[PDB]
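Chains, contacts and geometry: an overview
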Amino acid sequence: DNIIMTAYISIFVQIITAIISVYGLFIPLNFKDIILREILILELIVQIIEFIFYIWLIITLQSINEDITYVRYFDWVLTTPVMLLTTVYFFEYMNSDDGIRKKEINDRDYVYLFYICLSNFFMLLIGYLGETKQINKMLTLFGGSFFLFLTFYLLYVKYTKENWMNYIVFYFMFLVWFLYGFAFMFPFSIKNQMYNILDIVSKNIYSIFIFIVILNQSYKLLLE
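Residues numbered from 1 in each chain as written, not as in the entry; some residues may be left out. Heavy atoms only, no water. Residues with missing side-chain atoms left out of burial classes, pairs and counts.

If you check the header, you'll see the entry was determined by X-ray crystallography and the resolution is listed as 1.6000 Å.

In the nomenclature of the PDB entry, the chain corresponds to viral rhodopsin OLPVR1 from the organism Organic Lake phycodnavirus.

Right under this line is the structure:
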């Protein structure tokens, strides 16, 4: 009952977040702030993949004859790299006194961003091998956690500055992603309830956060 229930809740919050996000795209910004729009567009692309998974889940859960948790990885392998890119864009936005856009960041940092996504890919591959019972759960937790910590280390040392704004965003995101590893430990029903709620936080709450930053910047523009 509780997987299907939390899946419907997720889908509700997905639809509300998509509405807020699309409105966000239209809100007037200074040219130096337009990377926030670039971020919201990528978050909406993520939402397309998330939605297809959640519709598949609610339809499929009617009649299930195996642990289908592994199917989430077909979503994660596409969405998590995009989410790491939008995190980099936000930190660069936050920490750049000068206007910066994704083209300039992508062109300059291509190699480093590739390695962030490669670390993240190895995390997911180890998780997938664990989820499909090809390696034991302890080895999965250790190997997956190693690559999670490597991904966030790479993010930290290149893209953070030493102030409260940076610590708050970085460490909240880190905790949320860590809890996907925590969830891995749990039996099928509890694990999938946890993933259903975590997706709301990692994906949808991030989009709403970006929307709020856009609202704040647009108001400054209106007032000036």
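1. What to know about helix α1 (residues 2-24)
The criterion, for reference: Secondary structure is summarised from DSSP: a helix means a run of H or I of at least four residues, a strand means a run of E of at least two, and numbering begins at the N terminus for each. Multiplying 1.5 Å by the helix residue count minus one yields the expected span of that helix. Think of it in three bands: with a 1.4 Å probe and only protein chains considered, a residue is buried below 20% of the maximum accessible area for its type, exposed above 50%, and partly exposed in between. Residues are treated as being in contact if the distance between any of their heavy atoms lies within 4.5 Å.
If you check α1, its first and last C-alpha atoms are 32 Å apart, about what 23 residues at 1.5 Å a residue would give, namely 33 Å. Buried within α1 are the following residues: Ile3, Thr6, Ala7, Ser10, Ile11, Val13, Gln14, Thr17, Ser21 and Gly24. The inward-facing, buried residues of α1 abut α2 (35-60) and α7 (188-223).

2. Some details on the nonpolar core
Under the convention used in this document: Throughout this description, the term nonpolar core refers to a set of buried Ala, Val, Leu, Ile, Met, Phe, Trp, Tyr and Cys residues connected via side-chain atoms within 4.5 Å.
Counting 47 residues, the largest nonpolar core has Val88, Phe90 and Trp177 as its most contacted members. Among the elements that take part in this core, helix α3 (residues 72-95) stands out by supplying ten residues, more than any other. In terms of nonpolar packing, the next biggest core, distinct from the first, is built from ten residues, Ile3, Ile11, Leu57 and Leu61 among them.

3. A short note on a nonpolar patch on the surface
Rules: Nonpolar side chains (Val, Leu, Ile, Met, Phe, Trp, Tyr) are joined into patches within 5 Å and like charges within 9 Å, using only residues with over 30% relative accessible area and no salt bridge. All accessible areas in this document rest on Shrake-Rupley with a 1.4 Å probe, and a residue is counted as covered only by the protein chains that are shown. Criterion for a salt bridge: a side-chain nitrogen of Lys or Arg within 4 Å of a carboxyl oxygen of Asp or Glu.
A cluster of nonpolar side chains, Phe149, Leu175, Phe178, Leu179, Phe182 and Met185, forms an exposed patch at the surface whose accessible area comes to about 550 Å². In terms of residue count, helix α6 (residues 164-184) provides more of the nonpolar patch than any other element does, four residues in total.

4. Comments concerning the environment of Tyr128
Turning to its location among the elements, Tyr128 is positioned in helix α4 (residues 102-131). For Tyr128, a relative accessible area of 24% translates into the label partly exposed. Distance from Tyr128 to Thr80, taken between C-alpha atoms, is 14 Å for residues 48 residues apart in sequence.

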